[PDB]
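Chemist: Sequence first, structure after, both from an experimental entry:
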Amino acid sequence: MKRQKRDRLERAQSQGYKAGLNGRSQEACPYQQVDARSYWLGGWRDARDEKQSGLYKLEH
């Protein structure tokens, strides 16, 4: 174990996505802070807004 910079974020990338559907909030981001923002929170926002775009009821 040496290249563990990417490791916890590589999986945070997937975890964040799931956290969008299952985790509800960003409160459940138990990996890195800043680097997890760009990884974990990236998938988090994506997952939500993807299922969010499906609810195109209003134009607003």
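Modeler: Yep, that arrived. Residues are numbered from 1 along each chain as shown.

Chemist: what sits against residue 23?
Modeler: Taking C-beta atoms under 8 Å, 6 or more residues apart in numbering as the criterion, residue 23 is in contact with 15-16, 44. To be clear about C-beta, it is placed using only N, CA and C from the backbone, and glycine gets the same treatment.

Chemist: Can you add neighbour count and distance to residue 58 and give those back as CSV?
Modeler: Output for these, formatted as CSV (neighbours: other C-beta atoms under 10 Å; distance: C-beta to C-beta, whole Å):
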residue, neighbour count, distance to residue 58
15, 23, 31
16, 26, 27
44, 27, 23
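
Chemist: Which one of the residues you listed is nearest to residue 33?
Modeler: Nearest to residue 33 among the contacts of residue 23, counting by C-beta to C-beta, is residue 16 at 13.0 Å.

Chemist: you'd agree that closest one is up against residue 39?
Modeler: Yes - under the criterion of C-beta atoms under 8 Å, residue 16 makes contact with residue 39 at 6.6 Å.

Chemist: list the contacts for residue 19?
Modeler: 25-26, 28-29, 40, 43-44, 47.

Chemist: what's the answer for residue 46, then?
Modeler: 17, 20 are the contacts of residue 46 under C-beta under 8 Å, 6+ apart.

Chemist: tell me which residues of the one helix or strand it maps to are tucked away?
Modeler: Assigned by DSSP states H and E, residue 46 belongs to helix 34-53. Residues of helix 34-53 classed as buried by neighbour count (16 or more other C-beta atoms under 10 Å): 36, 39-44, 47.
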